[PDB]
Protein chains: 2
Amino acid sequence: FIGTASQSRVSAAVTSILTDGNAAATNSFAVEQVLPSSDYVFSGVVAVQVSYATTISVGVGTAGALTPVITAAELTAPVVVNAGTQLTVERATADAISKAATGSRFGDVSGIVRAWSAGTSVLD
Amino acid sequence: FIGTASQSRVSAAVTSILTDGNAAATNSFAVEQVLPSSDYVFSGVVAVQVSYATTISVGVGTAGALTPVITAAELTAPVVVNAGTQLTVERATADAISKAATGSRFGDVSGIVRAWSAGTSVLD
């Protein structure tokens, strides 16, 4: 759980404390997934499952107390292509470059790239 | 005869007053036995015997009056191991501790001892 500025992220945690008076067991599972937010997003059901074993003892051999532990954990986090249409200057500029390049007007592509990278023009 | 609150105890006494008009003799024997009542009890025949001597005189030498006295006394009080099965909380708790200790589950012994001595638990 370190990414505070991340834009597309799932975080989950499962914790437990089980006791019968004589024995106790504390278990936790934490997980985190992060995506490049301009390309993919999380959309769907987020799901966690854990698996507790009853084959671990603390004490004297097979006569020890039974203390359940987590030995397997899993996560679902559905990943979907980003499809938002709110406009940024960069996205519109890239779209204009693509439109110029589809017509083989590479001089216009060069002009736009010149204006973007250094703010110049053809006669400058 | 001082133990009023004792639970396993035998008390006995033999007294006599003998006279022929000119001489008299008073004799007594008192005895008491006390056991730890959780371990042993009295069960059987309680028996007392005393021994009177005819070799003691009061007066002028061998010409004195004959006054019998007690010079030996004895008691039987049969002692038997306590074998009652009425339940106390302490006896059942000790039995549970013994059962846990026979299986080398010393964590359970420790848990029961913790609950008995201070009323605590493992996570407290």
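A, B, ... follow the sequence lines: proteins, then strands. Residue 1 opens every chain.
- Applying the side-chain hydrogen bond (donor to acceptor under 3.5 Å, both in side chains) test to B:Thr93 and every residue at least two apart in sequence or in another chain returns nothing.
- No donor-acceptor pair under 3.5 Å is formed between the side chain of A:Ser98 and the backbone N or O of A:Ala94.
- Remark: B:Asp95 pairs with B:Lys99 by the salt bridge (charged side-chain N to carboxylate O under 4.0 Å, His left out) rule, at least two apart or across chains.
- Not counting sequence neighbours, the partners of A:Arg9 by the side-chain hydrogen bond (donor to acceptor under 3.5 Å, both in side chains) test are A:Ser11.
- Cluster membership check: A:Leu75 shares its hydrophobic cluster with A:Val14, using side-chain heavy-atom separations under 4.5 Å among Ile, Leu, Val, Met, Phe, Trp and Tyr.
- With contacts defined as side-chain heavy-atom distances shorter than 4.5 Å, the pair A:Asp39/A:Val81 does not qualify.
- When all heavy atoms of A:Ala12 and A:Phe1 are compared, the closest pair comes out as O-CZ, 3.4 Å.
- When every heavy atom of B:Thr19 is checked against every heavy atom of B:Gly21, the shortest pair comes out as OG1-N, 3.1 Å.
- Proximity of a side-chain donor or acceptor of B:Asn27 to a complementary backbone N or O of B:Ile17 within less than 3.5 Å is not detected.
- Inter-residue side-chain proximity for A:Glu32 and A:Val10 is flagged as unmet; no heavy-atom pair is nearer than 4.5 Å.
- Of all heavy-atom pairs between A:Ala24 and B:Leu123, the closest is CB-CG, 3.6 Å.
- The side chain to side chain contact (heavy atoms under 4.5 Å, CB included) search around B:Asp20 returns B:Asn22, B:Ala23, not counting sequence neighbours.
- The side-chain heavy atoms of A:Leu35 and A:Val79, taken from C-beta on, include a pair separated by under 4.5 Å.
- For the atom pair CZ of A:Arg105 and CD1 of A:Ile112, the computed distance is 11.5 Å after rounding to the nearest 0.5 Å.
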Without placing hydrogens or testing angles, list every side-chain donor-acceptor pair under 3.5 Å for residues 42-71 of chain A, not counting sequence neighbours.
from	atom 1	to	atom 2	distance (Å)
A:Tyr52	OH	A:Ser16	OG	3.0
A:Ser57	OG	A:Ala65	O	3.4

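- In this structure, B:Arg114 and B:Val122 approach most closely via the heavy-atom pair NE-N, 4.3 Å.
- In this structure, the side chains of B:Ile97 and B:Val109 come closer than 4.5 Å at one or more pairs of heavy atoms.
- Minimum interatomic distance between A:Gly84 and A:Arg91 (heavy atoms only, all atoms of both residues): O-NH1, 4.0 Å.
- Residues passing the side chain to side chain contact (heavy atoms under 4.5 Å, CB included) test with A:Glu90 are A:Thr88, A:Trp116, sequence neighbours excluded.
- The shortest distance between side-chain heavy atoms of B:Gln33 and B:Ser6 does not fall below 4.5 Å.
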